[PDB]
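Asker: Chains as they are written, first to last, in the deposited numbering: chain B, 6 to 432; chain A, 7 to 156, 162 to 432.
Cβ coordinates follow ideal geometry from the N, Cα and C atoms, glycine included.
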Amino acid sequence: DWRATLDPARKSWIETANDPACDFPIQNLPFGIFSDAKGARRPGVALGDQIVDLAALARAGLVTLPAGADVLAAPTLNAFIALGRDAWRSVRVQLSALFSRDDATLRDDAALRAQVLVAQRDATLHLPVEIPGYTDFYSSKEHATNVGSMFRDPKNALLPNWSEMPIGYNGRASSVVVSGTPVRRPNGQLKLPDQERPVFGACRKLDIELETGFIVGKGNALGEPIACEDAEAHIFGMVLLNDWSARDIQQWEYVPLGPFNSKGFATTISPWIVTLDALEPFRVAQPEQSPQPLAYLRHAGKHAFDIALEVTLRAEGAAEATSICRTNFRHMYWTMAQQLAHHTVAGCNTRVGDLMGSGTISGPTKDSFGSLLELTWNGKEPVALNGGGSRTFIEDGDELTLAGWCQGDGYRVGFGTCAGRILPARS
Amino acid sequence: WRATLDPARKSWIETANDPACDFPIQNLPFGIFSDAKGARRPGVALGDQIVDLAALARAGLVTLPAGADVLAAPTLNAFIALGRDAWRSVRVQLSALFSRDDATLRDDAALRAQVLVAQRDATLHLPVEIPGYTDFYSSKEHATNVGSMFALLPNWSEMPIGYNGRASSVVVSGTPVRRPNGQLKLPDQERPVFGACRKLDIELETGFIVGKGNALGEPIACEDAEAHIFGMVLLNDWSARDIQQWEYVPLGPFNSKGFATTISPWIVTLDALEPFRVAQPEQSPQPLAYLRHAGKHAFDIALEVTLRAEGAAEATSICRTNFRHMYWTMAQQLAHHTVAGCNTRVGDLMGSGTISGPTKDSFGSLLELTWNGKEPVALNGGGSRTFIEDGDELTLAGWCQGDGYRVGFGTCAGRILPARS
Ligand code: NA
Ligand code: NA
Numbered sequence: 006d007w008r009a010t011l012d013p014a015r016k017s018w019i020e021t022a023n024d025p026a027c028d029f030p031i032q033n034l035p036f037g038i039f040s041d042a043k044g045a046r047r048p049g050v051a052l053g054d055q056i057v058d059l060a061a062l063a064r065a066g067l068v069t070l071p072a073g074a075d076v077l078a079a080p081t082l083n084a085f086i087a088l089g090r091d092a093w094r095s096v097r098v099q100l101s102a103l104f105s106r107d108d109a110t111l112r113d114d115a116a117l118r119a120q121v122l123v124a125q126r127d128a129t130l131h132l133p134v135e136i137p138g139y140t141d142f143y144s145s146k147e148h149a150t151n152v153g154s155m156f157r158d159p160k161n162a163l164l165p166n167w168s169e170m171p172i173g174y175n176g177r178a179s180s181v182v183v184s185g186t187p188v189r190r191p192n193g194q195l196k197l198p199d200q201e202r203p204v205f206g207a208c209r210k211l212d213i214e215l216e217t218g219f220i221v222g223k224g225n226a227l228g229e230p231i232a233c234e235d236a237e238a239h240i241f242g243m244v245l246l247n248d249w250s251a252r253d254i255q256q257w258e259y260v261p262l263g264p265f266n267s268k269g270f271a272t273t274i275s276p277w278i279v280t281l282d283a284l285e286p287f288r289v290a291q292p293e294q295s296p297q298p299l300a301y302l303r304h305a306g307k308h309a310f311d312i313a314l315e316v317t318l319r320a321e322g323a324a325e326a327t328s329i330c331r332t333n334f335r336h337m338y339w340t341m342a343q344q345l346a347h348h349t350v351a352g353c354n355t356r357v358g359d360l361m362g363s364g365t366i367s368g369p370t371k372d373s374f375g376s377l378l379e380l381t382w383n384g385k386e387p388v389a390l391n392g393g394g395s396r397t398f399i400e401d402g403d404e405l406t407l408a409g410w411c412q413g414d415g416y417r418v419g420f421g422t423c424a425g426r427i428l429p430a431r432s
Numbered sequence: 007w008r009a010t011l012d013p014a015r016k017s018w019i020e021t022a023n024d025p026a027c028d029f030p031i032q033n034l035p036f037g038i039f040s041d042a043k044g045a046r047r048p049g050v051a052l053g054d055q056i057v058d059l060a061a062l063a064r065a066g067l068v069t070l071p072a073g074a075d076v077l078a079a080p081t082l083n084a085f086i087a088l089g090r091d092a093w094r095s096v097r098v099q100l101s102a103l104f105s106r107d108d109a110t111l112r113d114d115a116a117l118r119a120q121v122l123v124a125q126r127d128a129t130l131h132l133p134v135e136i137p138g139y140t141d142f143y144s145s146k147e148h149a150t151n152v153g154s155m156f162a163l164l165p166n167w168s169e170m171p172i173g174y175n176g177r178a179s180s181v182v183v184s185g186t187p188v189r190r191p192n193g194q195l196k197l198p199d200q201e202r203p204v205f206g207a208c209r210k211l212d213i214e215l216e217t218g219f220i221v222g223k224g225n226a227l228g229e230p231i232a233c234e235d236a237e238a239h240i241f242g243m244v245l246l247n248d249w250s251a252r253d254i255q256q257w258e259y260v261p262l263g264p265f266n267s268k269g270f271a272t273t274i275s276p277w278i279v280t281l282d283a284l285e286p287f288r289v290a291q292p293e294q295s296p297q298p299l300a301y302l303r304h305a306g307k308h309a310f311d312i313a314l315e316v317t318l319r320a321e322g323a324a325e326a327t328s329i330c331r332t333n334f335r336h337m338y339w340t341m342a343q344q345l346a347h348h349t350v351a352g353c354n355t356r357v358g359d360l361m362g363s364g365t366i367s368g369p370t371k372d373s374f375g376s377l378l379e380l381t382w383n384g385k386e387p388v389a390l391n392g393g394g395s396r397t398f399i400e401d402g403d404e405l406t407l408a409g410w411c412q413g414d415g416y417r418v419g420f421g422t423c424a425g426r427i428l429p430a431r432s
């Protein structure tokens with residue numbers, strides 16, 4: 006039923022959706038949470054330059070859900086997501102049908118269109134879900150090899166265990182924020198090479214980390230693992246994820262318990278959840294794994310996704326941003342399924358809304374590394390900026406943007422943006 | 007509220023006045039309980055009973071700020087969010103009402119049967135919704151023991172080292188804990204195998220519950236930190252050591268600790284611990300300024316771990332230690348957590364790290380007690396252990412010893428279920 010909604014020939018009577026460059030064609034239909042002057046934050050779906058007010062659409066009888074508690078009054082999408090995949094699809098199918106160019110029902114009802122659609126330009130976007138937990142993986146071979154090269158000689162860069170399992174840690178949920186939120190430069194302990202003791206001060210190596218994160222759509226009970234083959238059914242959708250990192254703070258704190266303050270000060274995600282169903286046409290073969298992993302981590306078929314990714318940096322007051330990274334999601338060595346299976350193999354429970362980060366996404370070439378640490382090799386080769394100037398690490402006032410999208414024939418399924426501007430550190 | 011700490015004070019609930027009772031009138035910890043009378047809701051332990059706060063409020067015998075009803079809630083979060091003045095106000099009203107000489111509730115038999123529930127007939131649940139769980143590493147002796155197997164890195168003494176724990180898998184005392192499966196690296200094989208954990212372990216800790224959060228980007232000054240803390244609980248950070256060794260470099264422990272973490276159900280308020288405040292250990296070298304604090308910020312909490320094999324008549328005491336020996340304090344941990352801007356929220360759980368004293372009978376895990384399975388522990392009643400075996404029940408207990416009474420934490424227990432096969 007829902008596979009008809011992936012039809013590239015389908016178009017909307019919301020004309021901005023049919024622009025080839027629009028992130029939000031009728032083929033996409035991501036879910037989010039928005040507010041405007043009409044009302045408090047509530048569920049919406051992006052289409053063209055507009056947002057579909059799901060609650061309003063439901064009140065008008067034009068979208069229906071399982072009988073039960075009203076999940077569209079909620080300030081987050083969790084309750085909706087909890088309803089499960091049949092509901093996600095049912096809603097997607099109704100929306101695709103209603104906003105198809107030839108369905109006159111809502112299109113020719115001007116009065117009702119003015120009540121159920123809201124321009125993105127007049128809306129404010131919020132965190133799409135309440136995140137119960139945030140886990141962050143480490144699944145780009147190229148990233149892991151780059152970073153380990155700064156601690157260990159080339160032969161020792163990738164530790165054996167990295168290739169046996171999708172290495173990961175628990176992130177800090179509380180400090181995950183939505184695109185657009187200004188991010189204050191952190192203070193903390195800095196170890197200088199020529200002083201016995203650390204000093205306290207403003208981070209001098211503030212950095213981005215290009216990642217994607219998936220949102221869990223069905224949890225699992227404590228003590229009951231999710232089989233690698235069932236994993237994707239548990240995933241609702243994806244977002245872009247900037248795991249802001251303070252590299253000088255990190256180096257000094259991270260042994261042996263991992264990064265902590267250096268990453269917990271802020272993590273930014275894009276507002277619109279792109280459903281996995283919408284990514285179906287961009288499913289591709291994941292990289293070959295060698296050595297062949299243990300049985301519990303194996304899966305048949307295609308479990309990677311073809312998502313072009315880009316990072317830009319704009320200095321305060323610059324007329325144009327600088328593209329600093331171009332890469333793709335498809336090169337990740339461990340898949341979402343494998344990460345989710347590994348997360349639960351010991352019995353740990355996942356919950357609706359959980360956020361799971363891919364780890365910094367880095368390709369093989371020098372222009373495809375997903376952090377400035379990598380791009381500038383720890384501040385040794387600075388990046389030239391479009392419009393003059395240069396950078397090693399991020400400077401106060403800079404705006405960092407993540408973008409991502411899947412290229413179809415004459416359309417794209419896009420993620421929107423994942424942005425943030427850096428505020429000066431507290432004194 | 008300092009009058010409520012009076013050791014001479016006693017209750018007409020006579021079981022409270024037993025010297026050995028964890029729940030005298032001096033304590034009054036908060037929790038969440040259900041019974042056949044009603045769904046899970048806020049309560050306070052006293053003697054062998056529980057005070058039904060909602061029921062007490064309906065009867066007009068305890069009052070809170072005008073507002074939304076925080077005592078209908080299935081967790082204590084809403085109540086805690088009301089702030090320290092409220093916590094104290096409620097404590098003061100309870101202490102007064104249950105004082106031996108106050109006839110108001112004591113002589114009203116009908117109403118006592120409505121507002122008190124025997125612990126025997128109640129079921130205890132997680133006292134709060136935990137938005138985040140962080141776990142520290144602040145016992146010098148523990149960190150030195152562990153580092154000596156794979162000692163103290165310089166940074167350990169410059170800051171309270173910590174990591175993000177897994178909130179979702181924190182469970183209340185009494186919950187059975189299933190032995191985890193995962194990747195095990197054997198010494199004689201190039202490649203890991205998958206199987207049942209062979210070195211399942213406890214970690215004796217305490218955790219504190221955050222009572223007032225802080226906004227993202229606004230640190231909590233070390234000196235203000237304790238005002239942000241509501242109370243404490245016992246915390247068993249169950250650990251699979253064989254899974255851990257293989258996974259933990261470089262991003263830290265993950266699956267090895269996330270399968271289960273158990274906390275005791277009763278939150279002992281920081282106010283109730285006031286009489287047991289003591290001088291923390293000397294720190295050398297002197298930490299950076301942001302981490303310093305004046306005064307006494309350690310607490311004198313005797314701690315014990317027992318292990319009972321399935322069907323054994325008696326448990327074996329395997330660890331006796333005390334909270335006061337922790338090198339970093341709760342205040343310093345909370346300051347360090349927030350120094351870079353990270354926000355905390357009401358209900359956040361913060362673990363101390365494994366608590367180990369200097370002597371061989373005061374180490375807070377079996378990894379330490381048995382030196383990684385080389386010196387097994389003899390059990391009371393026969394038998395022996397290296398790591399935990401299916402059916403074993405592990406219990407954490409803790410208490411502060413006053414003159415003729417104690418403020419106690421209850422227990423933090425769990426029985427191990429076999430691994431899924
Ligand atoms: Na971050
Ligand atoms: Na644990």
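With three or more C-beta pairs closer than 8 Å as the rule, is the stretch 223-238 of chain A touching the stretch 253-266 of chain A?
Answerer: No contact exists between the stretch 253-266 of chain A and the stretch 223-238 of chain A.
Asker: Looking at chain B, is there any beta carbon in it that lies within less than 7 Å of the beta carbon of A:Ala178?
Answerer: Counted from its first residue, the second sequence places residue 178 of chain A at position 167. At least one chain B Cβ lies under 7 Å of A:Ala178.
Asker: Do B:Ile213 and B:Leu380 have their C-beta atoms within less than 7 Å of each other?
Answerer: Here residue 213 of chain B refers to the residue found at position 208 when the first sequence is read from its first residue. Here residue 380 of chain B refers to the residue found at position 375 when the first sequence is read from its first residue. No, the Cβ-Cβ distance between B:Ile213 and B:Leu380 is not below 7 Å.
Asker: What does A:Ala124 pair with, by DSSP beta-bridge criteria?
Answerer: As a position in the second sequence, residue 124 of chain A is number 118, starting the count at 1. BP columns for A:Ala124 point to A:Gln55.
Asker: Looking at C-beta atoms only, is the number of pairs between the stretch 273-284 of chain B and the stretch 318-328 of chain B that lie closer than 8 Å three or more?
Answerer: no
Asker: Is there at least one non-hydrogen atom of ligand 2 closer than 6 Å to the beta-carbon of A:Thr272?
Answerer: By one-based count along the second sequence, residue 272 of chain A stands at place 261. The nearest non-hydrogen atom of ligand 2 is less than 6 Å from the C-beta of A:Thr272.
Asker: May I ask you to list, following chain order, the residues of the stretch 334-347 of chain A that have a beta carbon less than 8 Å from some beta carbon of chain B?
Answerer: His347
Asker: What is the DSSP secondary structure of A:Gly153, reduced to helix, strand or coil?
Answerer: Residue mapping note: residue 153 of chain A aligns to position 147 of the second sequence, counting from 1. The three-state reading of DSSP puts A:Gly153 in helix, counting H, G and I together.
Asker: Taking the C-alpha atoms as reference points, what is the distance between A:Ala271 and A:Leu211?
Answerer: For the purposes of this step, residue 271 of chain A is taken as the residue at position 260 of the second sequence. For the purposes of this step, residue 211 of chain A is taken as the residue at position 200 of the second sequence. C-alpha separation (whole angstroms): 11 Å.
Asker: How many Å lie between A:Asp414 and B:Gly73 at the Cα?
Answerer: Locating residue 414 of chain A in the second sequence gives position 403, counting from the first residue. Locating residue 73 of chain B in the first sequence gives position 68, counting from the first residue. Straight through space, the alpha carbons of B:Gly73 and A:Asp414 are spaced by roughly 57 Å.
Asker: If I measure Cβ to Cβ from A:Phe241 and keep anything under 6 Å in the same chain, skipping five residues before and after, which residues do I get?
Answerer: The count along the second sequence starts at 1 and reaches residue 241 of chain A at position 230. The residues are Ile86, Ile220, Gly222.
Asker: With 7 Å as the C-beta to C-beta threshold (strictly closer), list the residues of the stretch 284-295 of chain A near chain B in chain order.
Answerer: none
Asker: Around the Cβ of A:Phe156, are there at least 16 other Cβ atoms within 10 angstroms (buried) or fewer (exposed)?
Answerer: Stepping through the second sequence from its first residue, residue 156 of chain A is reached at position 150. Exposed is the call here.
Asker: At a Cβ cut of 9 Å, what residues of the stretch 355-366 of chain A count as close to chain B, listed as they run along the chain?
Answerer: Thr355, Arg356, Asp359
Asker: Tell me whether A:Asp248 counts as near ligand 2, meaning its Cβ is closer than 6 Å to at least one heavy atom of that ligand.
Answerer: The residue given as residue 248 of chain A occupies position 237 in the second sequence. Yes, the beta carbon of A:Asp248 sits closer than 6 Å to at least one heavy atom of ligand 2.
Asker: B:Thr340: which of B:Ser144, B:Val181, B:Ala124 sits nearest, CA to CA?
Answerer: Counting from 1 along the first sequence, the entry for residue 340 of chain B is found at position 335. Nearest of B:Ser144, B:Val181, B:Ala124 to B:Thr340, Cα basis: B:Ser144.
Asker: So with CB distances below 7 Å, who are the chain B contacts of A:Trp249?
Answerer: Here residue 249 of chain A corresponds to residue number 238 of the second sequence, with the count starting at 1. For A:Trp249, no chain B residue has a Cβ inside 7 Å of its Cβ, as the nearest lies near 10 Å away.
Asker: According to DSSP, is B:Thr140 helix, strand or coil?
Answerer: Position 135 of the first sequence holds residue 140 of chain B. Strand at B:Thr140.
Asker: Considering only the beta carbon of each residue, do residue 159 of chain A and A:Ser363 sit closer than 7 Å?
Answerer: What the structure lacks is residue 159 of chain A: chain A is numbered 156, then 162, with the residues between left out.
Asker: What span of residues does the alpha helix (DSSP H) with B:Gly269 cover, start to end?
Answerer: The residue labelled residue 269 of chain B in the question sits at position 264 within the first sequence. Note, B:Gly269: alpha helix (DSSP H), 266-269.
Asker: Are the stretch 135-152 of chain A and the stretch 299-317 of chain B touching by the rule of at least three beta carbon pairs closer than 8 Å?
Answerer: no
Asker: Less than 8 Å between the CB atoms is what I'm expecting for B:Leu281 and B:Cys423, so what's the real figure, rounded?
Answerer: What you label residue 281 of chain B is simply residue 276 of the first sequence in a count that begins at 1. What you label residue 423 of chain B is simply residue 418 of the first sequence in a count that begins at 1. Incorrect: roughly 18 Å between the Cβ atoms, too far for contact.
Asker: Do three or more CB pairs link the stretch 389-404 of chain B to the stretch 228-243 of chain B at distances below 8 Å?
Answerer: no
Asker: How would you label B:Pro296, buried or exposed, when you count the other beta carbons within 10 angstroms and need 16 or more for buried?
Answerer: On the first sequence, residue 296 of chain B is found 291 positions in, with the first residue counted as 1. Label assigned to B:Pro296: exposed.
Asker: Between A:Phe104 and A:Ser17, is the Cβ-Cβ spacing less than 7 Å?
Answerer: For the purposes of this step, residue 104 of chain A is identified with residue 98 of the second sequence, where counting begins at 1. For the purposes of this step, residue 17 of chain A is identified with residue 11 of the second sequence, where counting begins at 1. Contact flag set, yes.
Asker: Tell me, please, whether the CB atom of A:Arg189 is closer than 7 Å to any CB atom in chain B?
Answerer: One-based indexing of the second sequence puts residue 189 of chain A at position 178. Yes, because at least one Cβ of chain B sits closer than 7 Å to the Cβ of A:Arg189.
Asker: Determine the DSSP secondary structure at B:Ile366, reduced to helix, strand or coil.
Answerer: Residue numbering aside, residue 366 of chain B sits at position 361 when the first sequence is read from its first letter. B:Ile366: coil per DSSP, three-state reduction.
Asker: Run the CB neighbour count on A:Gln255, radius 10 Å, all protein chains shown included, and call it buried at 16 or more, exposed below.
Answerer: Taking the second sequence and counting its residues from 1, the one referred to as residue 255 of chain A is at position 244. Classification of A:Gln255: buried, given that the 10 Å Cβ count is 16 or more.
Asker: Closer than 6 Å by C-beta to A:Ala63: which residues in its own chain qualify, once you throw out the five before and the five after it? Chain order, please.
Answerer: Numbered from its first residue, the second sequence carries residue 63 of chain A at position 57. Contacts found: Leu77.
Asker: Using a 10 Å radius around the Cβ and a threshold of 16 neighbouring Cβ atoms, would you call B:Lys385 buried or exposed?
Answerer: Working through the first sequence from its first residue, we reach residue 385 of chain B at position 380. B:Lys385 is classed as exposed because its beta carbon has fewer than 16 other beta carbons within 10 Å across all chains shown.
Asker: Using a Cβ cut-off of 7 Å (strictly closer), state whether B:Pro203 contacts chain A.
Answerer: Numbered from its first residue, the first sequence carries residue 203 of chain B at position 198. The C-beta of B:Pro203 comes closer than 7 Å to at least one C-beta of chain A.
Asker: Cα separation between B:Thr21 and B:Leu132?
Answerer: The sequence position of residue 21 of chain B within the first sequence is 16, counting from 1. The sequence position of residue 132 of chain B within the first sequence is 127, counting from 1. Whole-angstrom Cα-Cα distance: 25 Å.
Asker: Count the other C-beta atoms from every protein chain shown that fall within 10 angstroms of the C-beta of A:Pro48, then say buried if there are 16 or more, exposed otherwise.
Answerer: Position 42 of the second sequence, counted from the first residue, corresponds to residue 48 of chain A. Looking at its Cβ environment, which holds 16 or more other Cβ atoms inside 10 Å, A:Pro48 is buried.
Asker: Report yes or no: do the stretch 164-180 of chain A and the stretch 323-342 of chain B share at least 3 C-beta pairs separated by less than 8 Å?
Answerer: no
Asker: Does the stretch 8-15 of chain A come within contact of the stretch 188-205 of chain B, defined as at least 3 CB pairs closer than 8 Å?
Answerer: By the Cβ test, the stretch 8-15 of chain A is not in contact with the stretch 188-205 of chain B, since fewer than three Cβ pairs between them sit closer than 8 Å.
Asker: How about B:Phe36: is its C-beta nearer than 7 Å to some C-beta of chain A?
Answerer: Within the first sequence, numbered from 1, the residue matching residue 36 of chain B stands at position 31. With 7 Å as the cut-off, B:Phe36 does not count as an interface residue toward chain A.
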